[PDB]
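To be precise, the following lines are protein_20.cif, and they hold mmCIF, C-alpha atoms.
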data_query
#
loop_
_atom_site.label_atom_id
_atom_site.label_comp_id
_atom_site.auth_asym_id
_atom_site.auth_seq_id
_atom_site.Cartn_x
_atom_site.Cartn_y
_atom_site.Cartn_z
CA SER A 1856 37.07 154.85 -2.16
CA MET A 1857 33.83 153.80 -3.92
CA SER A 1858 33.74 150.02 -4.32
CA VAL A 1859 37.47 149.82 -3.07
CA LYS A 1860 37.75 148.62 0.51
CA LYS A 1861 40.64 147.70 2.85
CA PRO A 1862 40.22 144.22 4.40
CA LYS A 1863 37.57 143.95 7.25
CA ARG A 1864 39.17 144.10 10.83
CA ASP A 1865 37.04 141.93 13.17
CA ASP A 1866 35.39 144.36 15.62
CA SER A 1867 32.74 141.89 16.94
CA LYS A 1868 34.56 141.47 20.28
CA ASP A 1869 35.32 145.17 20.82
CA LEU A 1870 32.33 145.80 23.18
CA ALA A 1871 33.15 142.88 25.45
CA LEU A 1872 36.84 143.67 25.49
CA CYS A 1873 36.25 147.43 26.28
CA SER A 1874 33.90 146.25 29.15
CA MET A 1875 36.71 144.04 30.52
CA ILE A 1876 39.27 146.79 30.39
CA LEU A 1877 36.80 149.15 32.13
CA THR A 1878 36.19 146.48 34.86
CA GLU A 1879 39.94 146.29 35.47
CA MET A 1880 40.10 150.14 35.72
CA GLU A 1881 37.09 150.12 38.11
CA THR A 1882 38.78 147.60 40.47
CA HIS A 1883 42.28 149.21 40.54
CA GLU A 1884 43.07 150.50 44.03
CA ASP A 1885 43.85 153.97 42.65
CA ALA A 1886 40.48 154.29 40.78
CA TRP A 1887 38.77 156.05 43.76
CA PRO A 1888 39.10 159.64 42.38
CA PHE A 1889 37.50 158.50 39.07
CA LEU A 1890 34.59 156.19 40.11
CA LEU A 1891 31.86 158.90 40.18
CA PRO A 1892 31.32 162.27 38.65
CA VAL A 1893 33.11 165.18 40.43
CA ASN A 1894 30.47 166.96 42.57
CA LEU A 1895 30.15 170.33 40.73
CA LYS A 1896 28.32 171.93 43.67
CA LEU A 1897 31.05 171.01 46.18
CA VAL A 1898 34.34 171.45 44.23
CA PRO A 1899 35.00 175.10 43.56
CA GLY A 1900 36.39 175.87 40.14
CA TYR A 1901 35.55 172.46 38.58
CA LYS A 1902 32.47 173.47 36.61
CA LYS A 1903 34.07 176.48 34.96
CA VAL A 1904 37.50 175.05 34.32
CA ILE A 1905 36.67 171.50 33.21
CA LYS A 1906 34.58 171.82 30.11
CA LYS A 1907 33.83 168.11 29.60
CA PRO A 1908 33.70 166.17 32.94
CA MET A 1909 34.06 162.40 32.59
CA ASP A 1910 34.29 159.51 35.04
CA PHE A 1911 34.23 155.67 34.99
CA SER A 1912 30.52 155.40 36.04
CA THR A 1913 29.52 157.66 33.11
CA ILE A 1914 31.69 155.66 30.69
CA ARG A 1915 30.14 152.47 32.06
CA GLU A 1916 26.57 153.80 31.44
CA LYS A 1917 27.54 155.01 27.90
CA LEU A 1918 29.06 151.58 27.16
CA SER A 1919 26.08 149.65 28.47
CA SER A 1920 23.56 151.77 26.42
CA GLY A 1921 25.25 151.83 22.96
CA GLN A 1922 26.56 155.34 23.12
CA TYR A 1923 30.08 154.48 21.79
CA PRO A 1924 30.01 154.09 18.01
CA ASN A 1925 33.43 152.43 18.00
CA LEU A 1926 36.42 151.50 20.27
CA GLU A 1927 38.16 154.87 19.53
CA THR A 1928 35.33 156.97 20.94
CA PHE A 1929 35.59 154.77 24.11
CA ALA A 1930 39.40 155.38 24.47
CA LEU A 1931 38.77 159.14 23.97
CA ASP A 1932 36.46 159.24 27.05
CA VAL A 1933 38.91 157.19 29.15
CA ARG A 1934 41.74 159.58 28.23
CA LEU A 1935 39.44 162.56 28.96
CA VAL A 1936 39.18 161.33 32.55
CA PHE A 1937 43.00 161.55 32.91
CA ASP A 1938 43.41 164.78 30.99
CA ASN A 1939 40.82 166.41 33.21
CA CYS A 1940 42.64 165.08 36.28
CA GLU A 1941 45.99 166.49 35.09
CA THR A 1942 44.32 169.86 34.34
CA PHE A 1943 42.99 170.19 37.92
CA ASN A 1944 45.42 168.36 40.23
CA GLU A 1945 49.08 168.83 40.98
CA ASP A 1946 51.28 165.91 39.78
CA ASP A 1947 52.50 165.48 43.40
CA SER A 1948 49.04 165.07 45.00
CA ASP A 1949 47.34 161.77 45.79
CA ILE A 1950 44.76 162.40 43.05
CA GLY A 1951 47.39 163.67 40.56
CA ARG A 1952 49.57 160.60 41.08
CA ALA A 1953 46.46 158.35 40.88
CA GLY A 1954 45.70 159.82 37.47
CA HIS A 1955 49.18 159.22 36.08
CA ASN A 1956 49.16 155.62 37.41
CA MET A 1957 45.72 154.86 35.89
CA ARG A 1958 46.59 156.35 32.52
CA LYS A 1959 49.67 154.11 32.35
CA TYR A 1960 47.63 151.10 33.40
CA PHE A 1961 44.96 151.87 30.77
CA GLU A 1962 47.39 152.45 27.89
CA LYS A 1963 49.14 149.13 28.45
CA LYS A 1964 45.83 147.24 28.46
CA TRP A 1965 44.78 149.12 25.37
CA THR A 1966 47.97 148.24 23.41
CA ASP A 1967 48.00 144.63 24.60
CA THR A 1968 44.34 144.08 23.79
CA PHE A 1969 44.02 145.88 20.41
CA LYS A 1970 47.55 146.74 18.96
#
Serialized structure, structure tokens:
Amino acid sequence: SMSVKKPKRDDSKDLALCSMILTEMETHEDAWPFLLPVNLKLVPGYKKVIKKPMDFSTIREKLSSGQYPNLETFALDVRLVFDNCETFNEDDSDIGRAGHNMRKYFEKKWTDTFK
């Protein structure tokens, strides 16, 4: 509360470490469905169903331009990419399975890096 603060967690490396995690997601062989925004003109149903589209290139631009106020807002956009994928793709599709694999990969890096 006022003038009563919990000890200061060192966040000075958070930007660089989120960038590294994002690089590892970008270079994973199963990243291909997630590299670019879904083409809303060419994928019927996507625009109406998926209210907040997100992809790795968009996260990379947000990260590079100071649009994440903290590491939690970054993890929220990563998870959005997988939640969108699960909403639109069957679990037993190439893209569906990609999304499960990448979420697992991400969550392990996240825990090992920050928790």
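You will find atom CA of residue 1906 of chain A at 25.8 Å from atom CA of residue 1878 of chain A.
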Taking the file above as input, evaluate the PyMOL selection byres ((chain A and resi 1960) around 12) and report the hits as number ranges by chain.
-> A: 1876-1877, 1879-1886, 1933-1934, 1937, 1953-1959, 1961-1967
Of the listed residues A:1869, A:1907, A:1916, A:1951, that which approaches residue 1931 of chain A most closely, counting all atoms listed in the file = A:1907
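Going from atom CA of residue 1913 of chain A over to atom CA of residue 1892 of chain A, you cover 7.4 Å.
Distances here use only C-alpha atoms; by that measure, the residue among A:1858, A:1947, A:1870, A:1970 closest to residue 1920 of chain A is A:1870.
The nearest approach to residue 1917 of chain A among the residues A:1943, A:1929, A:1969, A:1938, with all atoms listed in the file taken into account, belongs to A:1929.
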Calculate, to one decimal in Å, the centre and edge lengths of the box along x, y and z of the file that holds all listed atoms of segment 1912-1929 of chain A with 4 Å of margin on each side, and present them as lines of an AutoDock Vina configuration file.
center_x = 30.9
center_y = 153.7
center_z = 27.0
size_x = 22.6
size_y = 16.0
size_z = 26.0
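With all atoms listed in the file as the atoms that count, the residue of A:1935, A:1908, A:1944, A:1861 with the shortest distance to residue 1895 of chain A is A:1908.
Note that the spacing between atom CA of residue 1926 of chain A and atom CA of residue 1871 of chain A amounts to 10.6 Å.
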Given the file above and the PyMOL selection byres ((chain A and resi 1910-1912) around 6), which residues are selected, and can you give them as an NGL selection string?
-> :A and (1889-1892 or 1909 or 1913-1915 or 1936)
Proximity to residue 1919 of chain A - best of A:1873, A:1940, A:1859, A:1905, all atoms listed in the file = A:1873
